[PDB]
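**Student:** One structure coming up, written as structure tokens, with questions to follow.
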Amino acid sequence: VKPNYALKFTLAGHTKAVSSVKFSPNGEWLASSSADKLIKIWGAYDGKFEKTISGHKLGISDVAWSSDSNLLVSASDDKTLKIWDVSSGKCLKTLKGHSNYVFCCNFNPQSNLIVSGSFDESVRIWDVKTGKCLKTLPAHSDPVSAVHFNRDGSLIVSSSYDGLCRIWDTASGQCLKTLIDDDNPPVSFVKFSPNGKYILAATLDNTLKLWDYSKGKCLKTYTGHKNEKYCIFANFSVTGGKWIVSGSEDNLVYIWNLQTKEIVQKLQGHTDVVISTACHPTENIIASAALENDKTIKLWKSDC
Amino acid sequence: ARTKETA
Ligand SMILES: *NCCc1c[nH]c2ccc(O)cc12
């Protein structure tokens with residue numbers, strides 16, 4: 001079986017390249033971040049523009065939802081993160097401590113902590129309520145491309161241009177594991193699987209890999225797309241068929257069968273690199289976002 | 001930002 005993703009909506013509004021798109025856990029909203037220094041909120045089902053959230057002084061590389069869909073955290077070249085109350089648009093906290101661009105961010109499952117990665121080669125853990133930095137991990141020897149908490153928040157995974165994925169104990173800050181395969185390309189993205197058993201890692205040699213991080217073993221390789229330059233997000237699609245989803249530098253969205261690793265669909269329509277994709281939590285809906293020559297977000301829907 | 005950032 002293969003999906004039948006078809007283009008339903010194209011979302012115009014950002015004035016520069018879009019950097020990240022994320023569906024709210026409650027399925028109601030899509031959040032987008034951009035090099036235009038703005039966050040935009042859109043209806044998840046109709047793509048209807050809701051509002052603009054502003055305040056960063058420079059471009060934004062990432063945005064992430066709290067698990068109750070009430071807050072966003074954003075990571076900016078202005079070297080801050082900002083915590084936003086989505087309903088009011090208010091900047092609750094500005095998180096200051098990184099010494100270079102902030103590239104990536106996430107809440108933990110119980111949304112009392114934020115994790116961030118930076119061009120300063122550190123991973124930082126922040127208290128959501130106080131907005132204060134709790135820990136600085138000297139994590140990598142090159143910019144940190146992605147950070148993610150596991151299912152219970154006890155672990156953080158980080159990836160870096162240094163070629164490593166590292167697993168950190170949230171409580172102690174101890175490095176518990178370093179993962180690398182037989183070559184050492186920059187690692188451009190990582191996240192834990194929905195069941196928390198695997199990490200999905202992108203490297204800038206046109207490759208996605210599914211790792212059992214506790215065994216330290218590469219279980220699956222996904223290839224066929226183009227990824228040698230940009231930090232492109234990748235997703236687990238779990239609402240219908242079990243897919244891997246990624247953007248690509250050939251301006252397509254790629255969809256793989258997770259088990260078989262075969263390409264099952266390519267989505268055409270963007271006019272520039274697809275930097276970010278997101279999968280809706282309950283409906284078979286993909287959001288995709290593209291770089292400076294395109295500036296749009298597309299919503300795609302499948303029967304399976 | 002991510003939108004032009006390379007290694
Ligand atoms: N993405 C900008 C180019 C690059 C690559 N590695 C880096 C480390 C530090 C820094 O300020 C820029 C940079």
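A note on labels: chains of the structure tokens are A, B, ... as shown, every chain counts residues from 1, and ligands are counted from 1 in their shown order.
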Select all residues from chain B having any atom no more than 6 Å from an atom of chain A (counting only C-alpha atoms, ignoring ligands), output as a PyMOL selection string.

**Tutor:** chain B and resi 1-3+6

**Student:** Okay, now the selection with C-alpha atoms, as an mmCIF file, in the first residue's frame?

**Tutor:**
```
data_model
loop_
_atom_site.group_PDB
_atom_site.id
_atom_site.type_symbol
_atom_site.label_atom_id
_atom_site.label_comp_id
_atom_site.auth_asym_id
_atom_site.auth_seq_id
_atom_site.Cartn_x
_atom_site.Cartn_y
_atom_site.Cartn_z
ATOM 1 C CA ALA B 1 19.365 31.093 9.979
ATOM 2 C CA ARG B 2 18.592 27.513 8.787
ATOM 3 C CA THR B 3 17.325 28.957 5.451
ATOM 4 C CA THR B 6 25.483 25.552 5.553
#
```

**Student:** As an exercise, work out the distance from atom CA of residue 260 of chain A to atom CA of residue 285 of chain A in Å and give it to one decimal place.

**Tutor:** 21.7 Å

**Student:** Can you tell me how far atom CA of residue 302 of chain A sits from atom CA of residue 258 of chain A, in Å to one decimal?

**Tutor:** 16.9 Å

**Student:** So that each row is one residue of chain B with an atom at most 7 Å from ligand 1, can you give its shortest atom pair and the distance in Å to one decimal, using only C-alpha atoms and all ligand atoms, rows by chain and rising number, as a tab-separated table?

**Tutor:**
```
residue	atom	partner	partner_atom_place_in_ligand_line	distance
B:4	CA	ligand 1	1 (N)	7.0
B:5	CA	ligand 1	1 (N)	3.6
B:6	CA	ligand 1	1 (N)	4.5
B:7	CA	ligand 1	5 (C)	4.3
```

**Student:** Please compute the atom CA of residue 135 of chain A-atom CA of residue 123 of chain A distance, one decimal, in Å.

**Tutor:**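 It comes out at 8.4 Å.
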
**Student:** Considering only C-alpha atoms, can you say which of A:198, A:126, A:119, A:168 comes closest to residue 94 of chain A?

**Tutor:** A:126

**Student:** Do a neighbour search on residue 269 of chain A at 12 Å with only C-alpha atoms, toss out local chain neighbours closer than 5 positions, and write the hits as an NGL selection string.

**Tutor:** :A and (6-10 or 250-253 or 274 or 288-290 or 294 or 296-300)

**Student:** Using only N, CA and C atoms, please write the residues we just selected to a file, as an mmCIF file, in the first residue's frame.

**Tutor:**
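Heads up, here's the output in result-v3.cif:
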```cif
data_model
loop_
_atom_site.group_PDB
_atom_site.id
_atom_site.type_symbol
_atom_site.label_atom_id
_atom_site.label_comp_id
_atom_site.auth_asym_id
_atom_site.auth_seq_id
_atom_site.Cartn_x
_atom_site.Cartn_y
_atom_site.Cartn_z
ATOM 1 N N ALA A 6 -2.271 14.557 -1.928
ATOM 2 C CA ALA A 6 -2.621 15.554 -2.961
ATOM 3 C C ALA A 6 -2.595 16.954 -2.349
ATOM 4 N N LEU A 7 -2.120 17.924 -3.124
ATOM 5 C CA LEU A 7 -2.048 19.333 -2.685
ATOM 6 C C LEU A 7 -3.459 19.876 -2.424
ATOM 7 N N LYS A 8 -3.698 20.412 -1.225
ATOM 8 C CA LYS A 8 -5.011 20.999 -0.862
ATOM 9 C C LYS A 8 -4.925 22.516 -0.718
ATOM 10 N N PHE A 9 -3.872 23.032 -0.089
ATOM 11 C CA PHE A 9 -3.725 24.482 0.175
ATOM 12 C C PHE A 9 -2.269 24.879 0.031
ATOM 13 N N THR A 10 -2.069 26.092 -0.453
ATOM 14 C CA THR A 10 -0.765 26.786 -0.438
ATOM 15 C C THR A 10 -0.930 28.057 0.392
ATOM 16 N N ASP A 250 15.983 18.829 -4.155
ATOM 17 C CA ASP A 250 15.378 18.815 -5.517
ATOM 18 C C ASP A 250 13.936 19.338 -5.482
ATOM 19 N N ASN A 251 13.530 19.999 -4.394
ATOM 20 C CA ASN A 251 12.246 20.744 -4.281
ATOM 21 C C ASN A 251 11.056 19.799 -4.110
ATOM 22 N N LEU A 252 11.295 18.532 -3.773
ATOM 23 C CA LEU A 252 10.239 17.518 -3.549
ATOM 24 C C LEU A 252 10.129 17.164 -2.064
ATOM 25 N N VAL A 253 8.949 16.690 -1.682
ATOM 26 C CA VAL A 253 8.743 15.939 -0.422
ATOM 27 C C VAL A 253 8.874 14.454 -0.747
ATOM 28 N N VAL A 274 12.792 22.134 -0.177
ATOM 29 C CA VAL A 274 11.827 21.871 0.920
ATOM 30 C C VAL A 274 12.633 21.606 2.196
ATOM 31 N N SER A 288 4.484 21.177 4.263
ATOM 32 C CA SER A 288 5.858 21.332 3.730
ATOM 33 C C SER A 288 6.150 22.820 3.587
ATOM 34 N N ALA A 289 7.412 23.207 3.705
ATOM 35 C CA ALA A 289 7.832 24.620 3.608
ATOM 36 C C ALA A 289 9.149 24.728 2.850
ATOM 37 N N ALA A 290 9.282 25.799 2.075
ATOM 38 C CA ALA A 290 10.386 25.948 1.105
ATOM 39 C C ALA A 290 11.146 27.266 1.286
ATOM 40 N N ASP A 294 10.766 30.462 -3.061
ATOM 41 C CA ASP A 294 9.382 29.919 -2.967
ATOM 42 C C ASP A 294 8.598 30.675 -1.887
ATOM 43 N N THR A 296 6.620 29.650 0.393
ATOM 44 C CA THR A 296 5.271 29.149 0.732
ATOM 45 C C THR A 296 5.334 27.877 1.573
ATOM 46 N N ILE A 297 4.199 27.606 2.196
ATOM 47 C CA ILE A 297 3.882 26.370 2.941
ATOM 48 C C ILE A 297 2.792 25.665 2.148
ATOM 49 N N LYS A 298 2.885 24.354 2.004
ATOM 50 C CA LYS A 298 1.830 23.581 1.321
ATOM 51 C C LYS A 298 1.259 22.541 2.268
ATOM 52 N N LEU A 299 -0.057 22.355 2.194
ATOM 53 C CA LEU A 299 -0.769 21.315 2.962
ATOM 54 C C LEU A 299 -1.242 20.253 1.976
ATOM 55 N N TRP A 300 -0.872 19.011 2.254
ATOM 56 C CA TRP A 300 -1.136 17.837 1.398
ATOM 57 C C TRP A 300 -1.986 16.878 2.211
#
```

**Student:** Could you give me, as a compact mmCIF listing (two decimals) with N, CA, C and O atoms, in the first residue's frame, the residues within 8 Å of residue 304 of chain A, counting only C-alpha atoms and dropping anything in the same chain fewer than 6 positions from it?

**Tutor:**
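As a result, part.txt now contains:
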```txt
# COMPACT_ATOMS: atom_id res chain seq x y z
N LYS A 2 0.44 2.28 -0.72
CA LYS A 2 1.12 3.59 -0.84
C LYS A 2 0.11 4.68 -0.52
O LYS A 2 -1.08 4.52 -0.76
N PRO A 3 0.56 5.84 -0.01
CA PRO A 3 -0.35 6.96 0.24
C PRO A 3 -0.71 7.68 -1.07
O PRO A 3 -0.11 7.42 -2.09
N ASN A 4 -1.70 8.57 -1.02
CA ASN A 4 -2.09 9.38 -2.19
C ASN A 4 -2.16 10.86 -1.78
O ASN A 4 -3.18 11.52 -2.07
N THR A 239 -0.40 8.29 11.29
CA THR A 239 -1.88 8.40 11.30
C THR A 239 -2.48 7.33 10.39
O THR A 239 -3.60 6.86 10.70
N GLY A 240 -1.80 6.98 9.30
CA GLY A 240 -2.23 5.91 8.38
C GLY A 240 -1.13 4.88 8.22
O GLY A 240 -0.76 4.26 9.23
N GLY A 241 -0.60 4.73 7.01
CA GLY A 241 0.59 3.89 6.78
C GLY A 241 1.77 4.43 7.57
O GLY A 241 1.79 5.64 7.84
N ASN A 284 -4.28 12.35 8.05
CA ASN A 284 -3.18 12.13 7.08
C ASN A 284 -2.93 13.44 6.33
O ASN A 284 -3.38 13.58 5.18
```
